[PDB]
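Take a look at the structure below.
Please treat every number below as a calculation from the coordinates, not as lab data. Cβ placement follows ideal geometry from the backbone for every residue including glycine, while neighbour counts extend to all protein chains displayed.
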Amino acid sequence: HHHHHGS
Amino acid sequence: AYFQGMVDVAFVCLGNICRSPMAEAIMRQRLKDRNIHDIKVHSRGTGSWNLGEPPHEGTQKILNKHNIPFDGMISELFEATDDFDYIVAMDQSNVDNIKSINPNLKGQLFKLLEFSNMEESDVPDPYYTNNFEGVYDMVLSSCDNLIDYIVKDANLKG
């Protein structure tokens, strides 16, 4: 549950 | 004379397990109840890792409590080329990540609460808060206004 995709 | 095509609306969150599935299911049922047929609803998660999973328990429980079906709804990644007529994000990180993932996005991108009189701008993530009721209330505060906006913007029949 992380904001990895797109950062 | 109305536009006689379908239009696609996608709700987008991080995991595509809590917020956007809840919104998708509510929106689909609301359109059915309002006898509106030319809007197709979708959802995506910018960061969904395990794909093809059902919604979070908290979202299933809220939807079940209110007799809102979610048959077949499973987690789907916001793809490098994903685009829809209307994209409705939950929070600012979702907006930012959508635009980074697909800088060529052509659809109209909004936050859910732009369609709400609530003071809040972003829908908090109940993966952490466990506040699924609060999310439900936020979607209900926006849902008919969002529908009305799309029907008028896309020149659809009601």
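I'm trying to understand the selection: among the residues of segment B:69-91, which are touching a residue at least 40 places away in the same chain (Cβ under 8 Å) and part of a loop (DSSP other than H, G, I, E, B)?
The initial filter retains those residues of segment B:69-91 that are touching a residue at least 40 places away in the same chain (Cβ under 8 Å), namely B:69-70, B:73, B:75-78, B:82, B:84-91.
Of everything in segment B:69-91, those that are touching a residue at least 40 places away in the same chain (Cβ under 8 Å) and part of a loop (DSSP other than H, G, I, E, B) turn out to be B:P69, B:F70, B:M73, B:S75, B:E76, B:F78, B:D82, B:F84, B:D85, B:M90, B:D91.
Among the residues in segment B:101-108, are any touching a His at 6+ places or on another chain (Cβ under 8 Å), facing chain A (nearest Cβ under 10 Å) and surrounded by 15 or more Cβ atoms within 10 Å (Cβ to Cβ)? Looking through segment B:101-108, at least one residue is touching a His at 6+ places or on another chain (Cβ under 8 Å), facing chain A (nearest Cβ under 10 Å) and surrounded by 15 or more Cβ atoms within 10 Å (Cβ to Cβ).
Listed by first and then second residue, the pairs with beta-carbon distance under 9 Å, at least 6 apart or on different chains, first residue in segment B:125-154 and in a loop (DSSP other than H, G, I, E, B), second of a type in the set (A, V, I, L, M) and surrounded by fewer than 19 Cβ atoms within 10 Å (Cβ to Cβ), are B:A154/B:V7. Of all residues in segment B:13-68, those that are among the aliphatic types (A, V, I, L, M), surrounded by fewer than 20 Cβ atoms within 10 Å (Cβ to Cβ) and either more than 14 Å from every other protein chain (Cβ to nearest Cβ) or free of Cβ contacts under 8 Å to residues at least 12 places away in the same chain (or both) total 2.
For (1) of a type in the set (A, V, I, L, M); (2) in contact with a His (Cβ under 8 Å, 6 or more places away or on another chain), each residue gets a yes or a no:
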residue	(1), (2)
B:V12	yes, no
B:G15	no, yes
B:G47	no, yes
B:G58	no, no
B:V88	yes, no
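Residues in segment B:109-131 that are surrounded by 15 or more Cβ atoms within 10 Å (Cβ to Cβ), under 16 Å from B:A10 (Cβ atoms) and away from every other protein chain (no Cβ under 14 Å): B:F110, B:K111, B:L112, B:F115, B:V123.
Could you please let me know if B:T59 is in contact with a helix residue (DSSP H, G or I) (Cβ under 6 Å, 6 or more places away or on another chain) and farther than 19 Å from B:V139 by Cα?
Details: in contact with a helix residue (DSSP H, G or I) (Cβ under 6 Å, 6 or more places away or on another chain): yes; farther than 19 Å from B:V139 by Cα: no.
For B:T59, the condition - in contact with a helix residue (DSSP H, G or I) (Cβ under 6 Å, 6 or more places away or on another chain) and farther than 19 Å from B:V139 by Cα - is not met.
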